[PDB]
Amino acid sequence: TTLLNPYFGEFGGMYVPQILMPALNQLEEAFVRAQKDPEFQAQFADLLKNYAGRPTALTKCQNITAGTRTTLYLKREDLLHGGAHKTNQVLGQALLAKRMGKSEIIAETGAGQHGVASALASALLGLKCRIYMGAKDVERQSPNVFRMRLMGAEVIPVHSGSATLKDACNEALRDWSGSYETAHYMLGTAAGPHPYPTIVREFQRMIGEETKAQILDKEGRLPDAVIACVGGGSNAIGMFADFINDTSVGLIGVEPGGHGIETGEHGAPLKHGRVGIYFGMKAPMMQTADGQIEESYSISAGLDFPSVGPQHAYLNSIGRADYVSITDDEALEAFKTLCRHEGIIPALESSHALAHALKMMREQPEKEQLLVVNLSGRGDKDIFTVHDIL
């Protein structure tokens, strides 16, 4: 039995070895208690405000929408300490770990952004941080690896499997299965076994809460739609959460289309994958006809999680949220356009969300619409990639 529902419709659950259930139960109880603790909320708010830099701005594009009836705002998570939305929830999870009396932190990372977030939070809060990262990713993310070590984190390459994110995810769970007594697993997205999809959403919810307050102040009404890229689902559910009960507000998630859905080289399991059971949850995923887990391809390393958060699969199933895909080329064009017309360098992940907003605008230029794109992170990290391609 659990205190909270581990499922979102048919999606979710706690598919982990029996030995790990006590850890999940403990975490769920610690989370529920923390959520009712004014002292915990105050500490979390203080860190978000005075350390991370919240609230983040809501920027109105004044050039990219010229000639159309689209008004576009960008929620500036690129300005959060660390350069991405990842920082929000790691601060919350780090506080939870300390609440349970844990002194060690285990984290997985692909692009390394969550790894950096985990390392900075651990350095600030005095936690021993060890990070698992696929060997292939370590090779492609030397900068982030060095930042993690500079901040005192221990980076561990994972050579098993495909040597990428999913493999790092496995190693994290393997480690935790025998160290949960003193170590907390700081999962980086709104996926994995319950209570993680729930915890990550609640610790990223301020994105949507701020956006709502800011858009009401600036436009006097709610947006017609909020748009966010979907790798694992954390930045998107963070933006969506506070708007779920506002039926008039569209919720659009953008998965990576890679070289094109028809090529099979993409990372869009929600709309083009098949439901399976892996990484502790029942959710749509990238898998072979036999049931072997595959990797997600995208020009952006951050949209590499081969599955998707269960709440997104649920929101899609009931028609509350709509999911689409954007290709490498579409994301690249959005990246270049924002740089040149707004002076903001977006993360390639976030560029997928922007690319879809641009499409909504361009396809029907005379359609009056108020859109908000969650700019999940800055793209200084993608400068070289964009450079080599161009």
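We number the residues from 1 along the sequence you see.
Is the mean CA B factor in the deposited entry higher across 210-218 or across 293-301? Of 293-301 and 210-218, the stretch with the higher C-alpha B-factor average is 293-301.
79-87 versus 110-118 - greater average Cα B-factor per the deposited record: For C-alpha atoms only, the mean B-factor is higher in 110-118.
For the CA B factor values reported in this entry, which option in 356, 49, 336, 36 has the top one? Across 356, 49, 336, 36, the entry lists the biggest C-alpha B-factor for 36.
Have a look at 313, 268, 251, 158 and flag the one whose Cα has the highest B-factor in the entry. Highest CA B-factor of the listed options: 158.
Place residue 146 in the lowest, middle or highest third of its chain's C-alpha B-factors, as listed in the PDB entry. Its C-alpha B-factor, which the entry lists for residue 146, ranks in the highest third among residues of this chain.
Using only modelled residues of the chain, where does the Cα B factor of residue 280 rank: lowest third, middle third or highest third? It falls in the middle third of the chain.
Lowest, middle or highest third - CA B-factor, residue 204: It belongs to the lowest third of the chain when residues are ordered by C-alpha B-factor.
By its CA B factor, does residue 351 count among the lowest, middle or highest third of the modelled residues in the chain? Lowest third.
Lowest, middle or highest third of the chain for the C-alpha temperature factor of residue 242? It belongs to the middle third of the chain when residues are ordered by C-alpha B-factor.
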